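S.K.: Handing you this structure, nothing more for now.
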Amino acid sequence: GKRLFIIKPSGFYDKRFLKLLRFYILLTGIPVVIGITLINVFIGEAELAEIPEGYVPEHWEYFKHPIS
Amino acid sequence: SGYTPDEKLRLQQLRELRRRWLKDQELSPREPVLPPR
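This is the structure we're talking about:
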């Protein structure tokens, strides 16, 4: 009636790759960020005591973040 | 001077083909696109 037909190279392959990329990062993007959120909102990071009288720790218990 | 009548006739068949092509390129099936949803 009024409008011509535009020429396009291709769209399907590109939209398919972008949806696959965002989805297969999203598959463990959301659970990882919800995991780090539940970690620093439930269990605590740490606090800052000193070394008591002759209680030698393991090689851990020296770090702030609990997953560290 | 001008053209040759051979080039004039060749030009006229290109008028035939060009106008039919560009009449094709203006789509109107009364629905250009169709979204699936």
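Residue numbers (this note's numbering), protein chains in the order written: chain A, 1 to 68; chain B, 1 to 37. Just so it is clear, CB atoms sit at the ideal spot from N, CA and C, and this is done for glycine as well.
If you measure beta-carbon to beta-carbon, which residues of the region 16-32 of chain B are closer than 9 Å to chain A?
M.R.: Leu22, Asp24, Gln25, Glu26, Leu27, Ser28, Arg30 and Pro32
S.K.: Distance cutoff 8 Å, beta carbons only. Does A:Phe12 sit that close to anything in chain B?
M.R.: Residue-level contact by beta carbon fails for A:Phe12 and chain B, as no gap is shorter than 8 Å.
S.K.: Under DSSP, the alpha helix (DSSP H) around B:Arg37 begins and ends at which residues?
M.R.: Run containing B:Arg37: none; DSSP gives neither H nor E here.
S.K.: With the cut-off set at 8 Å, would you say B:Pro32 and A:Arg22 are in Cβ contact?
M.R.: A distance of 8 Å or more separates the beta carbons of B:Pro32 and A:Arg22.
S.K.: Cβ atoms of A:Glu50 and A:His65: under 8 Å apart, would you say?
M.R.: no
S.K.: I need the straight-line Cα distance from A:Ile67 to A:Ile6, nearest angstrom please.
M.R.: 54 Å
S.K.: For B:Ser28 versus A:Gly11, is the C-beta distance shorter than 8 Å?
M.R.: It is not a contact, given that the beta carbons lie outside the stated cut-off.
S.K.: What three-state label does DSSP hand A:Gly35 in the structure shown?
M.R.: helix
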